[PDB]
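Undergrad: Sharing a structure, written as structure tokens. Questions coming.
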Amino acid sequence: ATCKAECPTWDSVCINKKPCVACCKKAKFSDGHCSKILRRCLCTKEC
């Protein structure tokens with residue numbers, strides 16, 4: 001009951017959570033969290 005997918009329009013280092021959450025929101029995801037590795041925007045949502 002948890003789905004994760006990095007923001008489609010995301011291929012750069014995340015500086016702040018807001019940018020990521022912004023993408024995730026427009027992508028129809030509950031919330032986005034920046035990864036620790038490549039710092040990708042991981043969007044998480046219900047499923």
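Naming works like this for the structure tokens: A, B, ... for the chains as they're shown, residue 1 at the start of each chain, ligands 1 onward in shown order.
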Give me the residues near residue A:32 as a PDB file with N, CA, C and O atoms, in the first residue's frame, where near means some atom within 6 Å (using only C-alpha atoms) and where sequence neighbours in that chain fewer than 4 positions away do not count.

TA:
ATOM      1  N   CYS A  20      10.839  19.209  -5.237  1.00  0.00           N
ATOM      2  CA  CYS A  20      10.460  17.814  -5.381  1.00  0.00           C
ATOM      3  C   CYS A  20       8.965  17.632  -5.131  1.00  0.00           C
ATOM      4  O   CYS A  20       8.256  17.058  -5.959  1.00  0.00           O
ATOM      5  N   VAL A  21       8.489  18.146  -3.997  1.00  0.00           N
ATOM      6  CA  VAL A  21       7.077  18.054  -3.647  1.00  0.00           C
ATOM      7  C   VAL A  21       6.224  18.681  -4.742  1.00  0.00           C
ATOM      8  O   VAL A  21       5.153  18.179  -5.071  1.00  0.00           O
ATOM      9  N   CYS A  24       6.033  16.174  -7.538  1.00  0.00           N
ATOM     10  CA  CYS A  24       5.216  15.070  -7.063  1.00  0.00           C
ATOM     11  C   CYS A  24       3.736  15.444  -7.032  1.00  0.00           C
ATOM     12  O   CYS A  24       2.885  14.649  -7.419  1.00  0.00           O
ATOM     13  N   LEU A  42      12.193  11.508  -5.084  1.00  0.00           N
ATOM     14  CA  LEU A  42      11.375  10.308  -4.959  1.00  0.00           C
ATOM     15  C   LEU A  42       9.956  10.680  -4.559  1.00  0.00           C
ATOM     16  O   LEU A  42       9.732  11.167  -3.451  1.00  0.00           O
ATOM     17  N   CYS A  43       9.001  10.435  -5.436  1.00  0.00           N
ATOM     18  CA  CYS A  43       7.616  10.738  -5.135  1.00  0.00           C
ATOM     19  C   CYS A  43       6.941   9.513  -4.545  1.00  0.00           C
ATOM     20  O   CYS A  43       7.076   8.407  -5.066  1.00  0.00           O
ATOM     21  N   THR A  44       6.226   9.710  -3.458  1.00  0.00           N
ATOM     22  CA  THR A  44       5.536   8.622  -2.794  1.00  0.00           C
ATOM     23  C   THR A  44       4.042   8.897  -2.729  1.00  0.00           C
ATOM     24  O   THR A  44       3.622  10.043  -2.566  1.00  0.00           O
TER      25      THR A  44
END

Undergrad: Could you pull out the residues in chain A that DSSP calls strand (DSSP E or B) from the backbone, as a ChimeraX atom specification?

TA: /A:3-6,31-34,41-45

Undergrad: Counting only C-alpha atoms, figure out which residue out of A:1, A:34, A:39, A:26 gets nearest to residue A:13.

TA: A:39

Undergrad: Looking at A:29, A:41, A:2, A:46, which one is nearest to residue A:17, with distances taken over only C-alpha atoms?

TA: A:41

Undergrad: In Å, how far is it from atom CA of residue A:4 to atom CA of residue A:45?

TA: 6.5 Å

Undergrad: Measuring atom to atom with only C-alpha atoms, identify which of A:23, A:3, A:15, A:47 is nearest to residue A:35.

TA: A:15

Undergrad: Enumerate, as a compact mmCIF listing (two decimals) with N, CA, C and O atoms, in the first residue's frame, the complete set of residues in chain A that a backbone-based DSSP assignment places in helix (DSSP H, G or I).

TA:
# COMPACT_ATOMS: atom_id res chain seq x y z
N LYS A 17 13.33 20.29 -0.52
CA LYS A 17 12.20 19.37 -0.63
C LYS A 17 11.05 19.97 -1.46
O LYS A 17 10.37 19.25 -2.18
N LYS A 18 10.83 21.29 -1.32
CA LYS A 18 9.75 21.98 -2.03
C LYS A 18 9.72 21.65 -3.53
O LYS A 18 8.69 21.17 -4.02
N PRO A 19 10.82 21.88 -4.29
CA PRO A 19 10.87 21.57 -5.73
C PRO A 19 10.37 20.16 -6.04
O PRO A 19 9.57 19.94 -6.95
N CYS A 20 10.84 19.21 -5.24
CA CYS A 20 10.46 17.81 -5.38
C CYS A 20 8.97 17.63 -5.13
O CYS A 20 8.26 17.06 -5.96
N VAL A 21 8.49 18.15 -4.00
CA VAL A 21 7.08 18.05 -3.65
C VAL A 21 6.22 18.68 -4.74
O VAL A 21 5.15 18.18 -5.07
N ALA A 22 6.72 19.77 -5.31
CA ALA A 22 6.02 20.46 -6.39
C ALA A 22 5.80 19.51 -7.56
O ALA A 22 4.69 19.40 -8.08
N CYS A 23 6.87 18.82 -7.96
CA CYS A 23 6.78 17.87 -9.06
C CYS A 23 5.83 16.74 -8.71
O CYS A 23 4.94 16.39 -9.48
N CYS A 24 6.03 16.17 -7.54
CA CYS A 24 5.22 15.07 -7.06
C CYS A 24 3.74 15.44 -7.03
O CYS A 24 2.89 14.65 -7.42
N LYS A 25 3.43 16.66 -6.59
CA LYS A 25 2.05 17.12 -6.53
C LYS A 25 1.44 17.19 -7.93
O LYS A 25 0.34 16.70 -8.16
N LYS A 26 2.17 17.79 -8.88
CA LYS A 26 1.66 17.90 -10.25
C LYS A 26 1.68 16.53 -10.94
O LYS A 26 1.09 16.36 -12.01
